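Take a look at the letters that make up each chain.
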Amino acid sequence: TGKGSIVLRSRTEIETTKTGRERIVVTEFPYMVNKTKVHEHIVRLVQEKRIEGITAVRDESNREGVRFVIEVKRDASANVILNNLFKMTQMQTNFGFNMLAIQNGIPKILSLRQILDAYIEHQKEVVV
Amino acid sequence: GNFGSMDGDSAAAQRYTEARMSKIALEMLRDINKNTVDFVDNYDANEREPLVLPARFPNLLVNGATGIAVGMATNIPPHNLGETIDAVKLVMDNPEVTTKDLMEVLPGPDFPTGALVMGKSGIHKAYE
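By the method listed in its record, cryo-EM, this PDB entry was determined to a resolution of 5.16 Å.

The title assigned to this entry in its PDB record is "Dihedral oligomeric complex of GyrA N-terminal fragment, solved by cryoEM in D2 symmetry".

**Student:** Account for helix α1 (residues 35-47) of chain A, naming residues and giving values.
**Tutor:** All names here are of chain A. Taking 1.5 Å of rise per residue, the 13 residues of α1 would be expected to cover 18 Å, and the 18 Å separating its terminal C-alpha atoms lies within 8% of that figure. When we look at burial in α1, the residues that qualify are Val-38, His-41, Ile-42 and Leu-45. When α1 is viewed along its axis, its buried side chains cluster within an angular range of 110° and face the same direction. Turned more than 90 degrees away from the buried face of α1, the exposed residues are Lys-37 and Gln-47.

**Student:** How would you sum up helix α3 (residues 81-93) of chain B? Please name residues and give values.
**Tutor:** All names here are of chain B. Under the 1.5 Å per step criterion, the end-to-end length of α3 is 19 Å for 13 residues, consistent within 8% with the ideal 18 Å. The set of residues buried in α3 consists of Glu-83, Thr-84 and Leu-90. The arc enclosing the buried residues of α3, seen along the axis, measures out at 115°, which places them on a common side. Along α3, the residues that are exposed and aim more than 90 degrees away from the buried face are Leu-81, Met-92 and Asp-93.

**Student:** Lay out the sheet that holds strand β3 (residues 22-26) of chain A in plain terms, naming residues and giving numbers.
**Tutor:** Residue and element names in this part refer to chain A. The 4 strands are arranged β2-β3-β5-β4 in an open sheet whose pairing can be described as antiparallel. Only two strands of the sheet have a single neighbouring strand rather than two, namely β2 (12-16) and β4 (54-59). Within the sheet, the average angular offset between the axes of one strand and its neighbour, ignoring direction, is 25°. As paired strands, β3 and strand β5 (residues 68-72) are joined by 5 bridges and run antiparallel to one another. Across the sheet, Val-25 pairs through a bridge with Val-69, a residue of β5.

**Student:** Can you break down the packing of aromatic side chains residue by residue, with the values?
**Tutor:** Residues and elements named next belong to chain A. Taken as a whole and judged by the stated rule, the model has 2 aromatic pairs over all chains. Ring geometry for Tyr-31 against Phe-95: centres 6.0 Å apart, planes inclined by 80°, an arrangement best described as edge-to-face. Residue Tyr-31 is located in the loop between β3 and α1, and its partner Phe-95 is located in strand β6 (residues 93-97); the two are separated by 64 residues in the primary sequence. Given a relative accessible area of 27%, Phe-95 falls into the partly exposed group. Between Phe-95 and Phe-97 the ring centres are 5.9 Å apart and the planes differ by 90°, which places this aromatic pair in the edge-to-face class. Taken together, the aromatic side chains of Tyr-31, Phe-95 and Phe-97 make up a single cluster linked through ring pairs.

What counts and what doesn't
Residues numbered from 1 in each chain as written, not as in the entry; some residues may be left out. Chains lettered and ligands numbered in written order. Part of a larger assembly, values for the part shown. Heavy atoms only, no water. Helix = DSSP H or I, 4+ residues; strand = E, 2+ residues; numbered from the N terminus. Expected span 1.5 Å × (residues − 1). Buried < 20%, exposed > 50% of the residue type's maximum accessible area, 1.4 Å probe, protein only. Arc of directions from axis to C-beta. Pairing = 2+ DSSP bridges. Axes fitted to C-alpha atoms, helices over the stretch in contact; angles between N-to-C directions. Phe/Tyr/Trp six-rings, centres within 6.5 Å; stacked < 30°, edge-to-face > 60°.

Encoded structure:
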């Protein structure tokens with residue numbers, strides 16, 4: 001029926017240094033996300049004083065491949081912080097659908113079958 | 001390299017001097033490999049450092065202090081190696097020592113140069 005929002009998360013990992021310090025490393029984000037607006041929102045979350053542990057908010061070398069790194073001190077429960085990311089931050093995405101069709105002017109709505117059905121009969125008329 | 005004396009000497013040759021580890025430092029700072037001292041991370045989040053050190057003598061007494069007056073400065077006079085050892089042995093053997101005991105195992109504070117200290121009760125009020 002083409003309606004509803006679904007949950008989406010970023011490829012995000014905890015990585016250990018040569019010192020044993022942990023690092024939140026993201027690779028990408030879901031659809032319609034800025035690096036920089038979320039980065040400003042991270043700097044907010046720093047000055048909003050509603051999240052702890054976070055030390056380094058860094059991003060470099062991104063043109064050979066996207067690399068944004070948050071780095072957090074020890075004794076902080078970093079996976080709980082990842083849970084707090086995908087609760088409150090915009091890194092979590094509630095991506096909604098709406099596919100309300102139009103077939104010859106009048107508005108309609110289709111299943112995935114019916115789309116391909118109209119495609120089939122169009123190809124019929126095309127090749128004929 | 002150039003270091004001068006108590007003369008008014010200015011050795012501007014900075015890296016041109018030679019130095020490395022000293023003999024007293026060798027046994028003075030062992031036991032790092034024995035988890036003896038705690039550590040903190042730098043601001044650079046890459047390497048650690050200890051806030052205190054392990055000791056093989058109270059260098060407090062071996063080298064004095066010439067402070068600055070952030071609230072007030074501090075003079076602390078130097079002393080002797082074996083006299084400090086005998087003081088350690090004295091306090092070890094007796095938890096009931098006196099200040100005359102300190103007069104015995106420390107006849108007086110000394111210098112790398114030498115002077116004359118004629119007073120007695122000033123020394124008494126100094127150590128008390």
